[PDB]
2 protein chains.
Amino acid sequence: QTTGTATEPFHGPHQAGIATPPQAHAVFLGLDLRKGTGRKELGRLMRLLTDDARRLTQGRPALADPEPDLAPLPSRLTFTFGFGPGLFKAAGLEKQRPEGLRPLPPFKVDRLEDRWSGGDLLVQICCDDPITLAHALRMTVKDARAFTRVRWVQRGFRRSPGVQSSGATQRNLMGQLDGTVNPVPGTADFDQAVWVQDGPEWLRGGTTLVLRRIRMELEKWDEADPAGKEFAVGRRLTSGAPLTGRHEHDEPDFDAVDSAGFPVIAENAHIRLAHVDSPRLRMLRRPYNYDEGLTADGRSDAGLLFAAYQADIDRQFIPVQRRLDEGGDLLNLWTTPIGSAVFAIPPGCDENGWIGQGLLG
Amino acid sequence: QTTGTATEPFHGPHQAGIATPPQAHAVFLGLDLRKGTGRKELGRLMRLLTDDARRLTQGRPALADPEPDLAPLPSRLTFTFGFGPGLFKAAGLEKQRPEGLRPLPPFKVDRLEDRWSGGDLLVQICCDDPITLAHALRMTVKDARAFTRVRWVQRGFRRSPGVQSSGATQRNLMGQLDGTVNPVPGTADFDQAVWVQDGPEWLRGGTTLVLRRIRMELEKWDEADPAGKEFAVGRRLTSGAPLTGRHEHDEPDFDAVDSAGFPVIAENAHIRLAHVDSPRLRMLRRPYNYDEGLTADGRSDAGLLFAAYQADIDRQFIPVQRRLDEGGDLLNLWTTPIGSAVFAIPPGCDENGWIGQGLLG
Ligand code: HEM
Ligand code: HEM
């Protein structure tokens with residue numbers, strides 16, 4: 001009943017944390033495999049981590065929990081595990097790597113930093129409470145340290161629980177309503193867009209994650225005229241309505257023109273370039289905001305942990321980003337991708353099973 | 001009514017953020033004055049910041065707000081401004097610096113880092129929502145940048161709103177219930193312990209802040225035996241009860257002995273060394289937790305933003321810390337102060353007034 005006692009099921013055909021409505025906090029933990037971590041070792045690793053998530057998400061201490069009193073109040077804690085391209089070579093399982101699971105191709109907007117890119121193994125931990133989250137992260141590292149090195153850890157947040165109603169769209173650190181057009185969990189379009197059905201059999205019921213750390217150049221954004229800001233996106237700042245409508249969820253009319261005959265939503269508006277007509281081909285956007293550090297003279301380092309889930313990186317992610325990589329895409333003046341990683345996310349498990357057992361077992 | 005629409009009054013005899021029950025998130029912003037920032041400039045600065053807090057805490061955009069749509073949902077946003085020792089020399093107001101407002105004396109446990117210590121000007125921003133908080137921080141830096149350089153920014157969190165009931169004690173990242181013995185806002189003991197009445201007149205109705213960034217050596221803490229953990233503190237881990245009682249709020253009996261004649265609460269137990277018999281001399285503890293970064297092999301960098309408020313640093317803070325600085329203080333094995341700063345926090349203001357006007361006006 002409480003924000004603190006509420007739980008998310010750990011077991012199911014799918015891993016939690018994907019269809020789960022985004023919780024208030026997230027940590028994306030990126031791990032590289034140690035020299036001796038092969039197929040057997042990854043099995044022991046995933047069995048450890050599986051049981052940790054199984055207990056902690058239900059508010060129970062992990063086995064050998066160093067802080068058992070931090071286990072209760074799970075606050076909708078979820079774990080989502082993902083396998084990077086390198087994990088299949090280390091496992092001797094190159095035959096099982098999906099064809100599209102590989103570093104994204106270069107984009108003109110890219111300013112990618114190694115310290116925010118790549119990784120053999122992802123542990124994505126989401127939770128409505130940051131103390132519960134912190135404990136879950138320590139326990140993960142307690143069992144992963146023998147097998148892996150920490151490549152990076154990216155921390156993000158959304159609104160605190162209760163600040164806005166459930167399902168209402170939340171704003172990003174540019175002040176924009178962010179998440180209006182999105183596959184809805186528990187619809188035909190969602191399952192077909194998100195859950196893998198083709199390709200190697202182990203991944204069916206899983207998905208893929210494209211995780212891109214995108215900096216917001218807020219100093220430049222601030223000085224941008226507000227009417228220019230709406231022209232660049234294709235929607236109004238306060239209402240979130242498309243420029244052709246009046247309410248946030250009005251459907252963007254990409255054929256409307258104005259008095260002078262010009263498109264109401266501009267040719268390079270961000271919702272035009274990013275739109276895909278076929279809903280079943282769309283990506284699931286499930287981002288978190290980040291805010292990290294200030295320089296001496298007061299420049300912010302903040303932006304978006306852009307988390308995209310799709311059944312097929314080549315069909316559903318790369319074309320959109322390629323289309324965004326154009327010159328007239330005005331949002332590129334104010335955003336800069338500084339990190340890129342891709343992960344194959346296995347199906348869920350039941351009792352007696354473990355995450356990744358279909359691949360590594 | 002909502003966690004998001006709830007507000008804290010900005011105006012009053014005292015600044016908010018001190019007696020205010022701690023909100024879910026905090027940022028402590030440490031600023032050093034630029035070479036040209038004297039008494040007149042500090043007046044313009046404090047008038048800018050005052051009006052920013054006045055509007056933003058009530059869910060209204062600041063003047064020249066770059067992200068006005070991030071102003072609503074204030075979520076109990078508060079600002080607390082503090083003046084460092086150097087601020088009085090730059091203002092030509094050395095006569096008005098409280099005698100005790102100076103860097104803390106050295107302690108044996110100290111491992112102080114310049115990047116977490118000192119500062120001429122504090123902006124402490126607390127809020128139940130991290131997006132609201134982030135916007136408030138950007139607006140603060142927007143108006144402070146011309147006058148100051150950012151020395152440090154320390155970010156901290158407690159439970160999310162709704163995870164525990166109001167007033168229930170929350171745990172720290174060592175799993176300990178933290179905050180049981182504390183002056184209660186709106187009692188004689190609180191007002192006498194917290195609000196300045198003696199010393200220079202401008203500070204009456206204000207207070208002082210001792211802000212110490214204290215790292216938790218969690219790798220060592222984890223390997224410490226649980227019964228040893230309770231012996232070191234003087235209280236039980238799950239219940240929070242003193243070793244002489246059964247419930248969290250039972251009064252510690254510092255005269256009880258066991259069968260063998262030995263003190264039940266040990267001579268160097270952390271609640272014994274830190275206890276002050278006279279409640280009116282106690283400090284107000286209002287800490288935040290921090291969790292920042294992992295090394296390659298999985299060591300955490302986490303701990304406590306220990307925020308202590310008192311009318312008199314020499315009478316109410318330094319003796320306790322000095323008493324904690326002893327050799328048998330076992331908590332010192334697992335905690336390390338890595339940052340120290342002190343601030344004089346002015347009284348509040350009304351409309352037509354501004355924070356610090358009694359000092360700088
Ligand atoms: C910091 C970077 C970005 C910001 C601030 C941003 C912002 C927005 C905003 C304000 C909207 C309209 C509201 C909504 O429907 O969510 C939107 C829509 C969308 N964005 Fe972005 N976006 C960013 C990056 C990206 C990237 C890299 C992609 C890559 C695929 C992407 C894909 C989409 C899609 C598919 C939509 C839905 C458009 C539609 O069909 O109406 N966004 N974004
Ligand atoms: C990371 C460092 C620290 C940790 C983990 C810690 C933890 C605790 C715990 C678990 C308690 C008992 C529960 C409570 O009443 O809050 C306590 C009490 C207390 N602590 Fe600490 N503490 C730390 C540092 C400090 C420091 C530096 C001071 C400096 C004055 C201090 C002053 C006090 C006081 C006054 C009490 C109340 C004791 C009583 O009269 O019963 N603590 N602390």
# chains A, B, ... in the order shown; residues from 1 in each chain; ligands from 1
>>> interface_residues(of="chain A", to="chain B", cutoff="8 Å", atoms="only C-alpha atoms", output="JSON, numbers by chain")
{"A": [2, 3, 4, 5, 66, 67, 68, 69, 70, 73, 75, 128, 129, 130, 131, 134, 135, 138, 141, 142, 145, 148, 149, 150, 151, 152, 153, 157, 158, 159, 160, 161, 162, 163, 164, 171, 172, 173, 174, 175, 176, 222, 237, 238, 291, 293, 294, 295, 296, 297, 298, 300]}
>>> write_last_selection(atoms="N, CA and C atoms", output="compact mmCIF listing (two decimals), in the first residue's frame")
# COMPACT_ATOMS: atom_id res chain seq x y z
N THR A 2 1.96 1.24 0.73
CA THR A 2 2.84 2.39 0.85
C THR A 2 3.77 2.49 -0.36
N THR A 3 4.23 3.71 -0.64
CA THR A 3 5.28 3.90 -1.64
C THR A 3 6.49 3.03 -1.33
N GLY A 4 6.74 2.78 -0.05
CA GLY A 4 7.87 1.99 0.38
C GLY A 4 7.65 0.48 0.34
N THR A 5 6.45 0.01 0.70
CA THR A 5 6.21 -1.44 0.71
C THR A 5 5.81 -1.98 -0.66
N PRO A 66 25.28 -7.49 3.49
CA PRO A 66 26.00 -6.75 4.54
C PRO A 66 25.14 -5.74 5.28
N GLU A 67 24.03 -5.28 4.70
CA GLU A 67 23.15 -4.31 5.36
C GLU A 67 21.72 -4.82 5.29
N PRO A 68 21.40 -5.89 6.01
CA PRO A 68 20.05 -6.47 5.88
C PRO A 68 18.95 -5.51 6.27
N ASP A 69 19.21 -4.55 7.15
CA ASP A 69 18.12 -3.66 7.53
C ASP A 69 17.76 -2.66 6.43
N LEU A 70 18.54 -2.61 5.35
CA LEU A 70 18.24 -1.79 4.19
C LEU A 70 17.49 -2.54 3.11
N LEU A 73 11.35 -2.09 2.67
CA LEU A 73 10.92 -0.93 1.87
C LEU A 73 11.51 -1.01 0.46
N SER A 75 10.21 -0.48 -2.41
CA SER A 75 9.81 0.69 -3.21
C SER A 75 9.90 0.42 -4.71
N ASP A 128 11.88 3.46 -6.56
CA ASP A 128 11.29 4.74 -6.16
C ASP A 128 12.03 5.39 -5.00
N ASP A 129 13.00 4.70 -4.39
CA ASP A 129 13.69 5.22 -3.22
C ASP A 129 15.19 5.13 -3.44
N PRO A 130 15.94 6.22 -3.17
CA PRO A 130 17.37 6.21 -3.49
C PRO A 130 18.19 5.47 -2.45
N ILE A 131 17.70 5.34 -1.21
CA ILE A 131 18.44 4.56 -0.23
C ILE A 131 18.32 3.07 -0.55
N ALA A 134 20.55 2.51 -3.42
CA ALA A 134 21.97 2.46 -3.09
C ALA A 134 22.37 1.11 -2.52
N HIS A 135 21.54 0.57 -1.63
CA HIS A 135 21.84 -0.74 -1.04
C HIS A 135 21.86 -1.81 -2.12
N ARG A 138 25.15 -1.68 -3.95
CA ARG A 138 26.28 -2.23 -3.22
C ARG A 138 26.25 -3.74 -3.25
N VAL A 141 27.45 -5.02 -6.63
CA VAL A 141 28.89 -4.94 -6.75
C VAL A 141 29.57 -5.94 -5.84
N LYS A 142 28.95 -6.26 -4.70
CA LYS A 142 29.56 -7.24 -3.81
C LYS A 142 29.72 -8.58 -4.50
N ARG A 145 32.01 -8.16 -8.25
CA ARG A 145 33.39 -7.68 -8.23
C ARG A 145 34.40 -8.78 -8.57
N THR A 148 34.06 -9.15 -12.59
CA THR A 148 33.98 -8.02 -13.49
C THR A 148 34.68 -6.83 -12.87
N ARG A 149 35.00 -5.87 -13.73
CA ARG A 149 35.39 -4.52 -13.33
C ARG A 149 34.26 -3.56 -13.68
N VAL A 150 34.10 -2.53 -12.86
CA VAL A 150 33.12 -1.47 -13.11
C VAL A 150 33.66 -0.58 -14.23
N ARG A 151 32.98 -0.59 -15.38
CA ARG A 151 33.33 0.31 -16.46
C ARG A 151 32.75 1.70 -16.22
N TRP A 152 31.45 1.78 -15.94
CA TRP A 152 30.83 3.06 -15.64
C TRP A 152 29.57 2.83 -14.82
N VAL A 153 29.13 3.90 -14.17
CA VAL A 153 27.87 3.89 -13.43
C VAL A 153 27.18 5.21 -13.73
N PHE A 157 17.35 10.30 -12.47
CA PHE A 157 16.16 10.51 -11.66
C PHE A 157 15.04 11.04 -12.54
N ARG A 158 13.81 10.81 -12.06
CA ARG A 158 12.60 11.46 -12.57
C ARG A 158 11.93 12.16 -11.39
N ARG A 159 10.65 12.52 -11.50
CA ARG A 159 9.96 13.10 -10.35
C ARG A 159 9.94 12.12 -9.18
N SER A 160 9.93 12.66 -7.97
CA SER A 160 9.68 11.84 -6.79
C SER A 160 8.27 11.27 -6.85
N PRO A 161 8.04 10.11 -6.24
CA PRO A 161 6.68 9.55 -6.24
C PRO A 161 5.71 10.51 -5.56
N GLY A 162 4.52 10.62 -6.12
CA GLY A 162 3.50 11.50 -5.59
C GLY A 162 3.57 12.94 -6.07
N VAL A 163 4.67 13.36 -6.71
CA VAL A 163 4.76 14.76 -7.16
C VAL A 163 3.79 15.03 -8.30
N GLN A 164 3.70 14.11 -9.26
CA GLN A 164 2.69 14.14 -10.29
C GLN A 164 1.89 12.85 -10.23
N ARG A 171 8.48 16.32 -17.08
CA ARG A 171 9.38 17.19 -17.83
C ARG A 171 10.83 16.76 -17.69
N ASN A 172 11.63 17.08 -18.71
CA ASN A 172 13.08 16.91 -18.64
C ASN A 172 13.74 18.22 -18.20
N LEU A 173 15.07 18.19 -18.07
CA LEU A 173 15.80 19.34 -17.56
C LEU A 173 15.89 20.48 -18.55
N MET A 174 15.38 20.31 -19.77
CA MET A 174 15.12 21.45 -20.63
C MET A 174 13.71 22.01 -20.45
N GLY A 175 12.94 21.49 -19.49
CA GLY A 175 11.59 21.96 -19.25
C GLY A 175 10.53 21.36 -20.15
N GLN A 176 10.90 20.42 -21.02
CA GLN A 176 9.97 19.88 -22.00
C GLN A 176 9.24 18.67 -21.44
N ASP A 222 19.27 28.04 -22.94
CA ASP A 222 18.70 29.18 -22.22
C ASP A 222 18.57 30.41 -23.11
N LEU A 237 5.70 24.48 -25.35
CA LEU A 237 6.47 24.21 -24.13
C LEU A 237 5.56 23.93 -22.94
N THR A 238 4.58 24.80 -22.69
CA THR A 238 3.75 24.59 -21.50
C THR A 238 2.80 23.42 -21.70
N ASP A 291 22.05 15.09 -13.48
CA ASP A 291 22.56 16.41 -13.10
C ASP A 291 23.82 16.19 -12.28
N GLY A 293 27.48 17.98 -11.25
CA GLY A 293 28.65 18.83 -11.14
C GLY A 293 28.53 20.18 -11.81
N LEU A 294 29.26 21.14 -11.27
CA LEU A 294 29.32 22.49 -11.80
C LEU A 294 30.78 22.89 -11.95
N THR A 295 31.08 23.60 -13.03
CA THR A 295 32.40 24.17 -13.16
C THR A 295 32.53 25.39 -12.25
N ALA A 296 33.75 25.91 -12.18
CA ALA A 296 34.03 27.05 -11.31
C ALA A 296 33.16 28.25 -11.65
N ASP A 297 32.91 28.49 -12.94
CA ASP A 297 32.14 29.65 -13.35
C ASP A 297 30.69 29.32 -13.67
N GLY A 298 30.20 28.18 -13.18
CA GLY A 298 28.78 27.93 -13.14
C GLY A 298 28.15 27.32 -14.36
N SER A 300 26.62 24.00 -16.04
CA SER A 300 26.03 22.75 -15.60
C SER A 300 26.50 21.59 -16.47
>>> closest_atom_pairs(of="chain B", to="ligand 2", cutoff="7 Å", atoms="only C-alpha atoms and all ligand atoms", output="Markdown table")
| residue | atom | partner | partner_atom_place_in_ligand_line | distance |
| --- | --- | --- | --- | --- |
| B:172 | CA | ligand 2 | 5 (C) | 6.9 |
| B:174 | CA | ligand 2 | 5 (C) | 6.6 |
| B:176 | CA | ligand 2 | 10 (C) | 5.1 |
| B:177 | CA | ligand 2 | 10 (C) | 5.6 |
| B:178 | CA | ligand 2 | 16 (O) | 4.0 |
| B:179 | CA | ligand 2 | 16 (O) | 3.4 |
| B:180 | CA | ligand 2 | 15 (O) | 3.7 |
| B:181 | CA | ligand 2 | 15 (O) | 4.0 |
| B:182 | CA | ligand 2 | 37 (C) | 6.8 |
| B:214 | CA | ligand 2 | 1 (C) | 5.4 |
| B:215 | CA | ligand 2 | 1 (C) | 6.5 |
| B:216 | CA | ligand 2 | 1 (C) | 5.9 |
| B:233 | CA | ligand 2 | 10 (C) | 6.2 |
| B:235 | CA | ligand 2 | 12 (C) | 6.8 |
| B:240 | CA | ligand 2 | 13 (C) | 6.9 |
| B:252 | CA | ligand 2 | 41 (O) | 6.8 |
| B:270 | CA | ligand 2 | 17 (C) | 6.6 |
| B:271 | CA | ligand 2 | 38 (C) | 4.1 |
| B:272 | CA | ligand 2 | 39 (C) | 6.6 |
| B:274 | CA | ligand 2 | 35 (C) | 4.7 |
| B:275 | CA | ligand 2 | 40 (O) | 3.5 |
| B:276 | CA | ligand 2 | 40 (O) | 6.0 |
| B:282 | CA | ligand 2 | 35 (C) | 6.8 |
| B:283 | CA | ligand 2 | 35 (C) | 6.6 |
| B:303 | CA | ligand 2 | 1 (C) | 6.2 |
| B:304 | CA | ligand 2 | 1 (C) | 5.3 |
| B:306 | CA | ligand 2 | 27 (C) | 6.9 |
| B:317 | CA | ligand 2 | 30 (C) | 5.7 |
| B:320 | CA | ligand 2 | 30 (C) | 4.8 |
| B:321 | CA | ligand 2 | 29 (C) | 4.8 |
| B:335 | CA | ligand 2 | 1 (C) | 5.4 |
>>> write_last_selection(atoms="N, CA and C atoms", output="PDB file, in the first residue's frame")
ATOM      1  N   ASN B 172      20.626   5.414   7.644  1.00  0.00           N
ATOM      2  CA  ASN B 172      21.745   5.869   6.830  1.00  0.00           C
ATOM      3  C   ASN B 172      22.319   4.695   6.023  1.00  0.00           C
ATOM      4  N   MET B 174      24.923   3.078   6.354  1.00  0.00           N
ATOM      5  CA  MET B 174      25.404   1.963   7.157  1.00  0.00           C
ATOM      6  C   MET B 174      24.263   1.117   7.717  1.00  0.00           C
ATOM      7  N   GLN B 176      21.928   2.139   9.791  1.00  0.00           N
ATOM      8  CA  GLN B 176      21.580   2.541  11.145  1.00  0.00           C
ATOM      9  C   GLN B 176      20.433   3.540  11.136  1.00  0.00           C
ATOM     10  N   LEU B 177      19.462   3.321  12.015  1.00  0.00           N
ATOM     11  CA  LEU B 177      18.512   4.383  12.310  1.00  0.00           C
ATOM     12  C   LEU B 177      19.275   5.611  12.802  1.00  0.00           C
ATOM     13  N   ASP B 178      19.011   6.759  12.176  1.00  0.00           N
ATOM     14  CA  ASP B 178      19.857   7.943  12.319  1.00  0.00           C
ATOM     15  C   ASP B 178      18.972   9.170  12.509  1.00  0.00           C
ATOM     16  N   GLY B 179      18.975   9.726  13.727  1.00  0.00           N
ATOM     17  CA  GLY B 179      18.235  10.932  14.052  1.00  0.00           C
ATOM     18  C   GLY B 179      17.348  10.793  15.281  1.00  0.00           C
ATOM     19  N   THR B 180      17.531   9.720  16.063  1.00  0.00           N
ATOM     20  CA  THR B 180      16.616   9.454  17.172  1.00  0.00           C
ATOM     21  C   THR B 180      16.641  10.577  18.206  1.00  0.00           C
ATOM     22  N   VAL B 181      17.823  10.981  18.663  1.00  0.00           N
ATOM     23  CA  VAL B 181      17.932  12.017  19.687  1.00  0.00           C
ATOM     24  C   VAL B 181      18.242  13.340  18.999  1.00  0.00           C
ATOM     25  N   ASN B 182      17.286  14.271  19.056  1.00  0.00           N
ATOM     26  CA  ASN B 182      17.403  15.498  18.291  1.00  0.00           C
ATOM     27  C   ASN B 182      16.471  16.554  18.858  1.00  0.00           C
ATOM     28  N   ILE B 214      31.455  13.305   5.534  1.00  0.00           N
ATOM     29  CA  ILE B 214      32.030  12.201   6.292  1.00  0.00           C
ATOM     30  C   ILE B 214      31.868  10.938   5.472  1.00  0.00           C
ATOM     31  N   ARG B 215      32.984  10.394   5.014  1.00  0.00           N
ATOM     32  CA  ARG B 215      32.958   9.172   4.233  1.00  0.00           C
ATOM     33  C   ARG B 215      32.717   7.966   5.130  1.00  0.00           C
ATOM     34  N   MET B 216      31.914   7.037   4.636  1.00  0.00           N
ATOM     35  CA  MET B 216      31.702   5.754   5.283  1.00  0.00           C
ATOM     36  C   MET B 216      32.616   4.727   4.634  1.00  0.00           C
ATOM     37  N   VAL B 233      28.099   1.559  18.828  1.00  0.00           N
ATOM     38  CA  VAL B 233      27.129   2.654  18.800  1.00  0.00           C
ATOM     39  C   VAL B 233      26.471   2.843  20.160  1.00  0.00           C
ATOM     40  N   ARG B 235      23.496   1.086  20.539  1.00  0.00           N
ATOM     41  CA  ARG B 235      22.118   0.770  20.185  1.00  0.00           C
ATOM     42  C   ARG B 235      22.067  -0.435  19.251  1.00  0.00           C
ATOM     43  N   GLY B 240      16.871  -0.030  16.761  1.00  0.00           N
ATOM     44  CA  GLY B 240      17.354   1.263  17.191  1.00  0.00           C
ATOM     45  C   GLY B 240      17.315   1.475  18.684  1.00  0.00           C
ATOM     46  N   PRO B 252      18.447   6.196  26.733  1.00  0.00           N
ATOM     47  CA  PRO B 252      19.676   5.478  27.096  1.00  0.00           C
ATOM     48  C   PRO B 252      19.997   5.674  28.570  1.00  0.00           C
ATOM     49  N   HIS B 270      29.239   5.262  20.842  1.00  0.00           N
ATOM     50  CA  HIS B 270      29.056   6.485  20.122  1.00  0.00           C
ATOM     51  C   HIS B 270      27.935   7.371  20.656  1.00  0.00           C
ATOM     52  N   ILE B 271      26.934   6.825  21.340  1.00  0.00           N
ATOM     53  CA  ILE B 271      25.889   7.690  21.855  1.00  0.00           C
ATOM     54  C   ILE B 271      26.262   8.172  23.246  1.00  0.00           C
ATOM     55  N   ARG B 272      27.218   7.494  23.884  1.00  0.00           N
ATOM     56  CA  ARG B 272      27.719   7.975  25.167  1.00  0.00           C
ATOM     57  C   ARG B 272      28.663   9.153  24.972  1.00  0.00           C
ATOM     58  N   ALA B 274      28.914  11.180  22.518  1.00  0.00           N
ATOM     59  CA  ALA B 274      28.259  12.297  21.855  1.00  0.00           C
ATOM     60  C   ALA B 274      27.150  12.930  22.685  1.00  0.00           C
ATOM     61  N   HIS B 275      26.731  12.292  23.771  1.00  0.00           N
ATOM     62  CA  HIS B 275      25.598  12.789  24.533  1.00  0.00           C
ATOM     63  C   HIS B 275      25.981  14.030  25.330  1.00  0.00           C
ATOM     64  N   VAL B 276      25.069  15.000  25.357  1.00  0.00           N
ATOM     65  CA  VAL B 276      25.184  16.198  26.180  1.00  0.00           C
ATOM     66  C   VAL B 276      23.975  16.230  27.107  1.00  0.00           C
ATOM     67  N   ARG B 282      22.430  21.129  23.022  1.00  0.00           N
ATOM     68  CA  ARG B 282      22.631  20.140  21.973  1.00  0.00           C
ATOM     69  C   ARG B 282      22.658  20.800  20.599  1.00  0.00           C
ATOM     70  N   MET B 283      23.159  20.058  19.626  1.00  0.00           N
ATOM     71  CA  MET B 283      23.131  20.488  18.241  1.00  0.00           C
ATOM     72  C   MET B 283      21.926  19.870  17.549  1.00  0.00           C
ATOM     73  N   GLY B 303      28.675   8.180   1.958  1.00  0.00           N
ATOM     74  CA  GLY B 303      28.762   8.578   3.343  1.00  0.00           C
ATOM     75  C   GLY B 303      27.659   9.525   3.736  1.00  0.00           C
ATOM     76  N   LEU B 304      27.981  10.444   4.636  1.00  0.00           N
ATOM     77  CA  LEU B 304      27.005  11.289   5.292  1.00  0.00           C
ATOM     78  C   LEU B 304      27.383  12.752   5.084  1.00  0.00           C
ATOM     79  N   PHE B 306      26.939  15.511   6.995  1.00  0.00           N
ATOM     80  CA  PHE B 306      26.577  15.782   8.380  1.00  0.00           C
ATOM     81  C   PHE B 306      26.374  17.285   8.551  1.00  0.00           C
ATOM     82  N   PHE B 317      29.105  22.469  19.220  1.00  0.00           N
ATOM     83  CA  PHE B 317      29.657  21.519  18.267  1.00  0.00           C
ATOM     84  C   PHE B 317      31.030  21.012  18.692  1.00  0.00           C
ATOM     85  N   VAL B 320      31.596  18.217  21.397  1.00  0.00           N
ATOM     86  CA  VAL B 320      31.158  16.867  21.045  1.00  0.00           C
ATOM     87  C   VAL B 320      32.177  16.209  20.122  1.00  0.00           C
ATOM     88  N   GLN B 321      32.558  16.904  19.047  1.00  0.00           N
ATOM     89  CA  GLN B 321      33.525  16.345  18.112  1.00  0.00           C
ATOM     90  C   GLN B 321      34.851  16.067  18.801  1.00  0.00           C
ATOM     91  N   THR B 335      34.529   5.607   9.662  1.00  0.00           N
ATOM     92  CA  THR B 335      34.104   6.892   9.128  1.00  0.00           C
ATOM     93  C   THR B 335      35.309   7.820   9.062  1.00  0.00           C
TER      94      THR B 335
END
>>> select_by_dssp(residues="region 46-227 of chain B", states="helix (DSSP H, G or I)", output="PyMOL selection string")
chain B and resi 46-56+68-70+85-90+94-96+114-116+130-144+188-194+201-203+218-223+226-227
>>> write_last_selection(atoms="C-alpha atoms", output="short mmCIF file (atom, residue, chain, number, x, y, z; two decimals), in the first residue's frame")
data_model
loop_
_atom_site.label_atom_id
_atom_site.label_comp_id
_atom_site.auth_asym_id
_atom_site.auth_seq_id
_atom_site.Cartn_x
_atom_site.Cartn_y
_atom_site.Cartn_z
CA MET B 46 21.46 38.65 -1.86
CA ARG B 47 18.57 40.67 -3.29
CA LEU B 48 18.68 38.58 -6.48
CA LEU B 49 18.84 35.29 -4.59
CA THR B 50 16.18 36.33 -2.07
CA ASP B 51 13.68 37.08 -4.80
CA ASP B 52 14.55 33.82 -6.60
CA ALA B 53 13.81 31.82 -3.45
CA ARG B 54 10.71 33.91 -2.73
CA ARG B 55 9.19 32.99 -6.11
CA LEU B 56 10.53 29.47 -6.68
CA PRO B 68 9.70 28.68 -16.21
CA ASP B 69 7.79 25.45 -16.74
CA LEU B 70 10.05 23.84 -14.09
CA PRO B 85 34.24 33.56 7.61
CA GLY B 86 35.76 35.18 4.52
CA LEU B 87 32.53 37.00 3.66
CA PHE B 88 33.02 39.45 6.53
CA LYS B 89 36.51 40.48 5.44
CA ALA B 90 35.37 40.99 1.84
CA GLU B 94 35.02 41.99 10.36
CA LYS B 95 33.44 43.64 13.44
CA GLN B 96 30.26 41.65 12.66
CA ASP B 114 40.14 21.51 0.09
CA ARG B 115 37.60 20.58 -2.59
CA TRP B 116 35.07 19.77 0.16
CA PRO B 130 15.04 16.30 -7.62
CA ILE B 131 13.86 17.94 -10.84
CA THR B 132 12.47 20.94 -8.95
CA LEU B 133 15.74 20.95 -7.02
CA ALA B 134 17.85 20.88 -10.18
CA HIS B 135 16.00 23.86 -11.65
CA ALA B 136 16.40 25.80 -8.40
CA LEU B 137 20.13 25.10 -8.50
CA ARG B 138 20.51 26.34 -12.09
CA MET B 139 18.63 29.53 -11.29
CA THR B 140 20.85 30.11 -8.25
CA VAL B 141 23.99 29.73 -10.33
CA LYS B 142 22.51 31.94 -13.04
CA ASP B 143 22.40 34.89 -10.63
CA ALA B 144 25.44 34.02 -8.47
CA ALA B 188 11.87 25.73 24.08
CA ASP B 189 14.91 23.44 23.87
CA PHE B 190 15.09 23.77 20.08
CA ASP B 191 14.82 27.56 19.95
CA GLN B 192 17.43 27.96 22.69
CA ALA B 193 19.80 25.38 21.12
CA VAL B 194 19.42 26.55 17.49
CA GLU B 201 22.95 41.70 16.76
CA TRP B 202 22.48 40.98 13.05
CA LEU B 203 22.68 37.21 13.66
CA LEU B 218 31.78 0.54 3.99
CA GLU B 219 34.27 -2.17 2.96
CA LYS B 220 35.55 -2.25 6.54
CA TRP B 221 32.10 -1.76 8.06
CA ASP B 222 30.76 -4.77 6.13
CA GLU B 223 33.41 -7.06 7.63
CA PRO B 226 27.14 -7.22 13.95
CA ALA B 227 27.42 -7.53 17.74
#
>>> residues_around(residues="residue 11 (chain B)", least_positions_apart="4", cutoff="10 Å", atoms="only C-alpha atoms", output="number ranges by chain")
B: 15-16, 50, 53-54, 348-351, 353-355
>>> write_last_selection(atoms="C-alpha atoms", output="PDB file, in the first residue's frame")
ATOM      1  CA  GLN B  15      15.016  31.076   7.223  1.00  0.00           C
ATOM      2  CA  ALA B  16      13.321  27.874   6.164  1.00  0.00           C
ATOM      3  CA  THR B  50      16.177  36.332  -2.065  1.00  0.00           C
ATOM      4  CA  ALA B  53      13.807  31.820  -3.447  1.00  0.00           C
ATOM      5  CA  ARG B  54      10.715  33.905  -2.725  1.00  0.00           C
ATOM      6  CA  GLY B 348      14.674  35.298   7.927  1.00  0.00           C
ATOM      7  CA  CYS B 349      12.968  38.250   6.253  1.00  0.00           C
ATOM      8  CA  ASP B 350       9.515  39.465   5.226  1.00  0.00           C
ATOM      9  CA  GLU B 351       8.289  41.033   2.008  1.00  0.00           C
ATOM     10  CA  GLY B 353      13.214  42.716   3.048  1.00  0.00           C
ATOM     11  CA  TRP B 354      15.992  40.386   1.952  1.00  0.00           C
ATOM     12  CA  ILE B 355      18.179  37.700   3.508  1.00  0.00           C
TER      13      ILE B 355
END
